[PDB]
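So this block is work-v1.txt, compact mmCIF, N, CA and C atoms:
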# COMPACT_ATOMS: atom_id res chain seq x y z
N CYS A 1 16.09 15.39 -9.05
CA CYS A 1 15.44 15.01 -10.34
C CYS A 1 13.91 15.01 -10.19
N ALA A 2 13.19 15.29 -11.25
CA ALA A 2 11.69 15.32 -11.18
C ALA A 2 11.15 13.89 -11.39
N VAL A 3 11.30 13.06 -10.39
CA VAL A 3 10.81 11.64 -10.47
C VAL A 3 9.29 11.53 -10.23
N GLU A 4 8.71 12.43 -9.47
CA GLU A 4 7.23 12.37 -9.20
C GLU A 4 6.57 13.73 -9.49
N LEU A 5 7.01 14.39 -10.54
CA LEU A 5 6.45 15.72 -10.93
C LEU A 5 5.50 15.52 -12.11
N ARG A 6 5.97 14.92 -13.18
CA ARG A 6 5.12 14.67 -14.38
C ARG A 6 4.84 13.17 -14.52
N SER A 7 5.85 12.33 -14.39
CA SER A 7 5.66 10.85 -14.51
C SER A 7 6.27 10.16 -13.29
N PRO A 8 5.45 9.77 -12.34
CA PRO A 8 5.95 9.10 -11.11
C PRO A 8 6.29 7.62 -11.39
N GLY A 9 7.47 7.37 -11.91
CA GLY A 9 7.91 5.98 -12.22
C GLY A 9 8.11 5.20 -10.92
N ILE A 10 7.66 3.96 -10.88
CA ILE A 10 7.76 3.05 -9.69
C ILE A 10 6.76 3.44 -8.59
N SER A 11 6.67 4.70 -8.26
CA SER A 11 5.72 5.16 -7.19
C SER A 11 4.28 4.68 -7.43
N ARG A 12 3.82 4.65 -8.65
CA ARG A 12 2.42 4.18 -8.93
C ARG A 12 2.31 2.66 -8.68
N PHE A 13 3.39 1.92 -8.79
CA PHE A 13 3.37 0.44 -8.56
C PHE A 13 3.87 0.09 -7.14
N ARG A 14 4.76 0.88 -6.56
CA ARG A 14 5.26 0.57 -5.18
C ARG A 14 4.10 0.59 -4.18
N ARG A 15 3.18 1.52 -4.34
CA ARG A 15 2.00 1.62 -3.41
C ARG A 15 1.11 0.39 -3.59
N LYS A 16 0.98 -0.13 -4.79
CA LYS A 16 0.13 -1.34 -5.01
C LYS A 16 0.74 -2.53 -4.25
N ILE A 17 2.05 -2.61 -4.20
CA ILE A 17 2.73 -3.73 -3.46
C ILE A 17 2.41 -3.53 -1.97
N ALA A 18 2.53 -2.31 -1.49
CA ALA A 18 2.24 -1.98 -0.06
C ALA A 18 0.75 -2.18 0.23
N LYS A 19 -0.13 -1.78 -0.67
CA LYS A 19 -1.60 -1.96 -0.45
C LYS A 19 -1.94 -3.46 -0.30
N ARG A 20 -1.13 -4.34 -0.85
CA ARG A 20 -1.38 -5.81 -0.73
C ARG A 20 -0.86 -6.31 0.63
N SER A 21 0.27 -5.83 1.08
CA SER A 21 0.84 -6.28 2.40
C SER A 21 0.13 -5.58 3.57
N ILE A 22 0.01 -4.27 3.50
CA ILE A 22 -0.66 -3.48 4.59
C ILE A 22 -2.09 -3.99 4.83
N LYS A 23 -2.83 -4.35 3.81
CA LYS A 23 -4.23 -4.86 4.01
C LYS A 23 -4.19 -6.07 4.95
N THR A 24 -3.23 -6.95 4.79
CA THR A 24 -3.11 -8.16 5.67
C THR A 24 -2.81 -7.70 7.10
N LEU A 25 -2.00 -6.67 7.26
CA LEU A 25 -1.67 -6.14 8.62
C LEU A 25 -2.96 -5.60 9.26
N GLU A 26 -3.73 -4.84 8.50
CA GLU A 26 -5.02 -4.27 9.01
C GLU A 26 -5.98 -5.41 9.37
N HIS A 27 -6.03 -6.44 8.56
CA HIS A 27 -6.94 -7.60 8.83
C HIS A 27 -6.23 -8.59 9.76
N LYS A 28 -5.73 -8.12 10.88
CA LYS A 28 -5.03 -9.00 11.86
C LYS A 28 -5.59 -8.72 13.25
N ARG A 29 -5.30 -7.57 13.83
CA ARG A 29 -5.84 -7.25 15.19
C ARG A 29 -7.26 -6.68 15.07
N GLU A 30 -7.65 -6.14 13.93
CA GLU A 30 -9.03 -5.59 13.77
C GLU A 30 -9.95 -6.65 13.12
N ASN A 31 -9.43 -7.78 12.68
CA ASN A 31 -10.28 -8.83 12.05
C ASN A 31 -10.26 -10.10 12.93
N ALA A 32 -10.37 -9.94 14.23
CA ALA A 32 -10.36 -11.11 15.17
C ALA A 32 -11.16 -10.80 16.44
N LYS A 33 -11.92 -11.76 16.93
CA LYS A 33 -12.75 -11.60 18.17
C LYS A 33 -13.72 -10.40 18.03
N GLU A 34 -13.69 -9.42 18.91
CA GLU A 34 -14.62 -8.25 18.81
C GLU A 34 -13.96 -7.00 19.43
Write-out of the structure in structure tokens:
Amino acid sequence: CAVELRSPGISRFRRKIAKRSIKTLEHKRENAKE
């Protein structure tokens, strides 16, 4: 099915959920000491 060809349903919002969790992962070992 063409789920991400013309209208990517869920995909435009699934990444926003990941961008909120992944940012915390990035700000863990790279946001401590030096």
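For chain A, backbone-based DSSP assignment of alpha helix (DSSP H) covers residues 11, 12, 13, 14, 15, 16, 17, 18, 19, 20, 21, 22, 23, 24, 25, 26, 27, 28 and 29 of chain A.
If you look at atom CA of residue A:21 and atom CA of residue A:34, they are 22.6 Å away from each other.
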Could you give me the centre and size, in Å to one decimal, of an axis-aligned box around all listed atoms of stretch 22-26 of chain A with 4 Å added on every side, as JSON?
{"center_x": -3.0, "center_y": -5.8, "center_z": 6.4, "size_x": 14.0, "size_y": 12.7, "size_z": 13.9}
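When atom CA of residue A:29 is paired with atom C of residue A:12, their separation reads 27.1 Å.
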Fill in: Interatomic distance (Å, one decimal) between atom C of residue A:6 and atom CA of residue A:20
24.3 Å
Kindly reconstruct stretch 3-26 of chain A with N, CA, C and O atoms and present the result as a PDB file, in the frame of the given file.
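The resulting file, selection.pdb, is shown below:
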ATOM      1  N   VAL A   3      11.300  13.060 -10.390  1.00  0.00           N
ATOM      2  CA  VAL A   3      10.810  11.640 -10.470  1.00  0.00           C
ATOM      3  C   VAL A   3       9.290  11.530 -10.230  1.00  0.00           C
ATOM      4  O   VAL A   3       8.676  10.621 -10.740  1.00  0.00           O
ATOM      5  N   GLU A   4       8.710  12.430  -9.470  1.00  0.00           N
ATOM      6  CA  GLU A   4       7.230  12.370  -9.200  1.00  0.00           C
ATOM      7  C   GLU A   4       6.570  13.730  -9.490  1.00  0.00           C
ATOM      8  O   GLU A   4       5.679  14.170  -8.789  1.00  0.00           O
ATOM      9  N   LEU A   5       7.010  14.390 -10.540  1.00  0.00           N
ATOM     10  CA  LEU A   5       6.450  15.720 -10.930  1.00  0.00           C
ATOM     11  C   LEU A   5       5.500  15.520 -12.110  1.00  0.00           C
ATOM     12  O   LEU A   5       4.345  15.901 -12.035  1.00  0.00           O
ATOM     13  N   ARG A   6       5.970  14.920 -13.180  1.00  0.00           N
ATOM     14  CA  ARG A   6       5.120  14.670 -14.380  1.00  0.00           C
ATOM     15  C   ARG A   6       4.840  13.170 -14.520  1.00  0.00           C
ATOM     16  O   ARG A   6       3.707  12.776 -14.739  1.00  0.00           O
ATOM     17  N   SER A   7       5.850  12.330 -14.390  1.00  0.00           N
ATOM     18  CA  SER A   7       5.660  10.850 -14.510  1.00  0.00           C
ATOM     19  C   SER A   7       6.270  10.160 -13.290  1.00  0.00           C
ATOM     20  O   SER A   7       7.482   9.997 -13.238  1.00  0.00           O
ATOM     21  N   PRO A   8       5.450   9.770 -12.340  1.00  0.00           N
ATOM     22  CA  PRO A   8       5.950   9.100 -11.110  1.00  0.00           C
ATOM     23  C   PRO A   8       6.290   7.620 -11.390  1.00  0.00           C
ATOM     24  O   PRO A   8       5.502   6.734 -11.128  1.00  0.00           O
ATOM     25  N   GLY A   9       7.470   7.370 -11.910  1.00  0.00           N
ATOM     26  CA  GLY A   9       7.910   5.980 -12.220  1.00  0.00           C
ATOM     27  C   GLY A   9       8.110   5.200 -10.920  1.00  0.00           C
ATOM     28  O   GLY A   9       8.676   5.722  -9.979  1.00  0.00           O
ATOM     29  N   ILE A  10       7.660   3.960 -10.880  1.00  0.00           N
ATOM     30  CA  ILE A  10       7.760   3.050  -9.690  1.00  0.00           C
ATOM     31  C   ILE A  10       6.760   3.440  -8.590  1.00  0.00           C
ATOM     32  O   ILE A  10       6.092   2.588  -8.058  1.00  0.00           O
ATOM     33  N   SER A  11       6.670   4.700  -8.260  1.00  0.00           N
ATOM     34  CA  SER A  11       5.720   5.160  -7.190  1.00  0.00           C
ATOM     35  C   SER A  11       4.280   4.680  -7.430  1.00  0.00           C
ATOM     36  O   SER A  11       3.598   4.319  -6.484  1.00  0.00           O
ATOM     37  N   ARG A  12       3.820   4.650  -8.650  1.00  0.00           N
ATOM     38  CA  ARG A  12       2.420   4.180  -8.930  1.00  0.00           C
ATOM     39  C   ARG A  12       2.310   2.660  -8.680  1.00  0.00           C
ATOM     40  O   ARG A  12       1.224   2.177  -8.401  1.00  0.00           O
ATOM     41  N   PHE A  13       3.390   1.920  -8.790  1.00  0.00           N
ATOM     42  CA  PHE A  13       3.370   0.440  -8.560  1.00  0.00           C
ATOM     43  C   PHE A  13       3.870   0.090  -7.140  1.00  0.00           C
ATOM     44  O   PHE A  13       3.429  -0.899  -6.590  1.00  0.00           O
ATOM     45  N   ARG A  14       4.760   0.880  -6.560  1.00  0.00           N
ATOM     46  CA  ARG A  14       5.260   0.570  -5.180  1.00  0.00           C
ATOM     47  C   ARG A  14       4.100   0.590  -4.180  1.00  0.00           C
ATOM     48  O   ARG A  14       4.053  -0.224  -3.278  1.00  0.00           O
ATOM     49  N   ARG A  15       3.180   1.520  -4.340  1.00  0.00           N
ATOM     50  CA  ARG A  15       2.000   1.620  -3.410  1.00  0.00           C
ATOM     51  C   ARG A  15       1.110   0.390  -3.590  1.00  0.00           C
ATOM     52  O   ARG A  15       0.542  -0.085  -2.622  1.00  0.00           O
ATOM     53  N   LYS A  16       0.980  -0.130  -4.790  1.00  0.00           N
ATOM     54  CA  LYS A  16       0.130  -1.340  -5.010  1.00  0.00           C
ATOM     55  C   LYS A  16       0.740  -2.530  -4.250  1.00  0.00           C
ATOM     56  O   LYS A  16       0.015  -3.343  -3.719  1.00  0.00           O
ATOM     57  N   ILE A  17       2.050  -2.610  -4.200  1.00  0.00           N
ATOM     58  CA  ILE A  17       2.730  -3.730  -3.460  1.00  0.00           C
ATOM     59  C   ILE A  17       2.410  -3.530  -1.970  1.00  0.00           C
ATOM     60  O   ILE A  17       2.045  -4.461  -1.276  1.00  0.00           O
ATOM     61  N   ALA A  18       2.530  -2.310  -1.490  1.00  0.00           N
ATOM     62  CA  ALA A  18       2.240  -1.980  -0.060  1.00  0.00           C
ATOM     63  C   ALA A  18       0.750  -2.180   0.230  1.00  0.00           C
ATOM     64  O   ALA A  18       0.409  -2.704   1.269  1.00  0.00           O
ATOM     65  N   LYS A  19      -0.130  -1.780  -0.670  1.00  0.00           N
ATOM     66  CA  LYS A  19      -1.600  -1.960  -0.450  1.00  0.00           C
ATOM     67  C   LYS A  19      -1.940  -3.460  -0.300  1.00  0.00           C
ATOM     68  O   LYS A  19      -2.922  -3.798   0.332  1.00  0.00           O
ATOM     69  N   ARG A  20      -1.130  -4.340  -0.850  1.00  0.00           N
ATOM     70  CA  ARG A  20      -1.380  -5.810  -0.730  1.00  0.00           C
ATOM     71  C   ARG A  20      -0.860  -6.310   0.630  1.00  0.00           C
ATOM     72  O   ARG A  20      -1.503  -7.143   1.245  1.00  0.00           O
ATOM     73  N   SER A  21       0.270  -5.830   1.080  1.00  0.00           N
ATOM     74  CA  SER A  21       0.840  -6.280   2.400  1.00  0.00           C
ATOM     75  C   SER A  21       0.130  -5.580   3.570  1.00  0.00           C
ATOM     76  O   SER A  21      -0.288  -6.225   4.510  1.00  0.00           O
ATOM     77  N   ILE A  22       0.010  -4.270   3.500  1.00  0.00           N
ATOM     78  CA  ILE A  22      -0.660  -3.480   4.590  1.00  0.00           C
ATOM     79  C   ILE A  22      -2.090  -3.990   4.830  1.00  0.00           C
ATOM     80  O   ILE A  22      -2.501  -4.050   5.974  1.00  0.00           O
ATOM     81  N   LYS A  23      -2.830  -4.350   3.810  1.00  0.00           N
ATOM     82  CA  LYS A  23      -4.230  -4.860   4.010  1.00  0.00           C
ATOM     83  C   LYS A  23      -4.190  -6.070   4.950  1.00  0.00           C
ATOM     84  O   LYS A  23      -5.033  -6.203   5.824  1.00  0.00           O
ATOM     85  N   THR A  24      -3.230  -6.950   4.790  1.00  0.00           N
ATOM     86  CA  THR A  24      -3.110  -8.160   5.670  1.00  0.00           C
ATOM     87  C   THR A  24      -2.810  -7.700   7.100  1.00  0.00           C
ATOM     88  O   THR A  24      -3.326  -8.266   8.044  1.00  0.00           O
ATOM     89  N   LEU A  25      -2.000  -6.670   7.260  1.00  0.00           N
ATOM     90  CA  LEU A  25      -1.670  -6.140   8.620  1.00  0.00           C
ATOM     91  C   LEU A  25      -2.960  -5.600   9.260  1.00  0.00           C
ATOM     92  O   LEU A  25      -3.238  -5.884  10.406  1.00  0.00           O
ATOM     93  N   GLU A  26      -3.730  -4.840   8.500  1.00  0.00           N
ATOM     94  CA  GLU A  26      -5.020  -4.270   9.010  1.00  0.00           C
ATOM     95  C   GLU A  26      -5.980  -5.410   9.370  1.00  0.00           C
ATOM     96  O   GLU A  26      -6.674  -5.352  10.373  1.00  0.00           O
TER      97      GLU A  26
END
